[PDB]
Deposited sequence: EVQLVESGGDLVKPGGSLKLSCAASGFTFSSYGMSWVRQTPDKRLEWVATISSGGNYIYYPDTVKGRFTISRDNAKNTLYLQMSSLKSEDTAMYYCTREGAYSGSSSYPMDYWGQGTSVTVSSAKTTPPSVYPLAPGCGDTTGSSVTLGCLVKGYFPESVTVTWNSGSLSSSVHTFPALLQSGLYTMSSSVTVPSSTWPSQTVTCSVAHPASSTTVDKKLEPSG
């Protein structure tokens, strides 16, 4: 089973450096060329770099040449991306891909892609979010307002994942150089407030976990 696991993604100040890693398994890593492809907020796919099976031949597009360095360690089954002179237009999801063709021979495109690591290039500081419960003043809609955090992302879970197929996660929007998002749950009238409903917000960027119990009014 082919597995490509990227890591290293982070918030970096413009002009800074960052090293991405990709752990490969389930295939003879040393017989394939690897590549990095990034996906920007507009959802566009952009080829970043490629390295031959051995690490002898390296290819870059004009957007990255001179700033980025692709490398690999065939003994550790790992692919690397050393990024330097980072700029805001480098903010994207970085995917580790595997070139479909065996060693040198051409005609097969990249087939396996990893899950990605997101990289944020911004002069904005890490801010933990403020979590506010949304309770009303057969079914009942509850919510959580997660305001003023940076960078993305935050992860909201209801009853620590026990709730539900009835969750909605609203994409964050940048408001005054900080992100704001919301989440909602719909539970039967019989379960709330008789049984406890809590939202758990985690922002790994600020090492923040905040659990807010939703309580009724009046």
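Student: Let me make sure I understand the coverage. Which parts of the deposited sequence, in order from the N-terminal end, have no C-alpha coordinates here?
Tutor: Counting from residue 1, the one stretch without coordinates is 138 to 143.
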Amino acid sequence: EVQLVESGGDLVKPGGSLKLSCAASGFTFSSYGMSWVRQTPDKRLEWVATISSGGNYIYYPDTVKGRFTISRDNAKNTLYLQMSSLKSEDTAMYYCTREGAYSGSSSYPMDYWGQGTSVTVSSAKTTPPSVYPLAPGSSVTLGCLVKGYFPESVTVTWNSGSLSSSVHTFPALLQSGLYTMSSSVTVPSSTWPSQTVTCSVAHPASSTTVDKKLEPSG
From here on, numbers count along this sequence of modelled residues.
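Student: Highest mean C-alpha temperature factor of the two stretches 12 to 20 and 191 to 199, which is it?
Tutor: Per the PDB record, 191 to 199.
Student: For the stretches 67 to 75 and 98 to 106, which has the higher mean C-alpha B-factor as given in the deposited record?
Tutor: Looking at the record's C-alpha B-factors, the answer is 98 to 106.
Student: Which one of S138, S85, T117, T91 shows the biggest C-alpha B-factor in the PDB entry?
Tutor: Among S138, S85, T117, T91, the highest C-alpha B-factor in the entry belongs to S138.
Student: Checking the entry, which one of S166, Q39, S182, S52 has the top C-alpha B factor?
Tutor: Most elevated C-alpha B-factor of the set, per the entry: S166.
Student: Lowest, middle or highest third: where is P61 by C-alpha B factor in its chain?
Tutor: It belongs to the lowest third of the chain when residues are ordered by C-alpha B-factor.
Student: Compared with the other modelled residues in the chain, in which third is the CA B-factor of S30?
Tutor: CA B-factor rank for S30: middle third.
Student: How does the C-alpha B factor of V146 compare with the rest of the chain: lowest, middle or highest third?
Tutor: As the PDB entry reports it, the C-alpha B-factor of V146 lands in the lowest third of its chain.
Student: By the recorded C-alpha temperature factor, relative to the other modelled residues in its chain, which third is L81 in?
Tutor: As the PDB entry reports it, the C-alpha B-factor of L81 lands in the lowest third of its chain.
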